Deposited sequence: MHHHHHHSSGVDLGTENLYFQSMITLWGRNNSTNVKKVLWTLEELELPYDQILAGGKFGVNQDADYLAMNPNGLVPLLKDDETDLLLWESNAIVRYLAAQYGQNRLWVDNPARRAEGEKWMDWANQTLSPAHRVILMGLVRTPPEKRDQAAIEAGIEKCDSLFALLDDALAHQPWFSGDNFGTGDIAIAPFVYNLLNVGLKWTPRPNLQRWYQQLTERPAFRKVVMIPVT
């Protein structure tokens, strides 16, 4: 295929890209990379991504080699998702896109505490503190969804793609949270999307 994706399936950031590719019905070749798969710390990979992280996406059609999951999602949307996942109007686009930055700058670090502490390990305090932080972030997201159906606004979009893989993990590590009805309604609509069920709804490991 013209598109190559490096990354493992149990990565939030890789999931964003796999999910976008599936939503847009784009063909791609996956190369397992990260963790016990290696590849991502090889000299040849570091020449493509000096951070040595996944995902990495190559698009031979546009001579593109791109890292940063959110940039990859926005690229795929603009290039292949016109009138589907790309919002043309800058202001309406921004209202959704802010949630991409927020997903990685605010939600991800709180999520990391839980995924590390519970799944891939423990420090009662640490974790309990991360749970409180995530519960508070869930309150914020619940309010954000009080008057619109999607983080991207009127329609499902790239803000929703950025946030949901983290939320998926947090709702599947045996924890029970304060009920958040707007957030839960939103999550249910994601579970109805075949691409989400395929890519995101897999075991937490």
Which ranges of the deposited chain go unmodelled, in order along the sequence? 1 to 21, 143 to 146
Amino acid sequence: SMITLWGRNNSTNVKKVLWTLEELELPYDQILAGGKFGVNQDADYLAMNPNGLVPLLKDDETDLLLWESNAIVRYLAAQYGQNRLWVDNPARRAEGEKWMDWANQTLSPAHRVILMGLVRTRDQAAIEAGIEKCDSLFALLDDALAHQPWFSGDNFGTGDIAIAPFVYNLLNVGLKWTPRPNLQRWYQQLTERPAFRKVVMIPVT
From here on, numbers count along this sequence of modelled residues.
Which of 43 to 51 and 175 to 183 has higher mean CA B factor, as the PDB entry lists it: 175 to 183
Return whichever of 10 to 18 and 190 to 198 has the greater mean Cα B factor according to the PDB record. 190 to 198
Per the deposited B-factor column, the C-alpha that peaks among 118, 77, 103, 110 belongs to 118
Residue 30 - which third its CA temperature factor falls in, relative to the rest of the chain: middle
Using only modelled residues of the chain, where does the Cα B factor of residue 64 rank: lowest third, middle third or highest third? highest
Could you tell me which third, lowest, middle or highest, the C-alpha B-factor of residue 122 occupies within its chain? highest
Place residue 95 in the lowest, middle or highest third of its chain's C-alpha B-factors, as listed in the PDB entry. middle
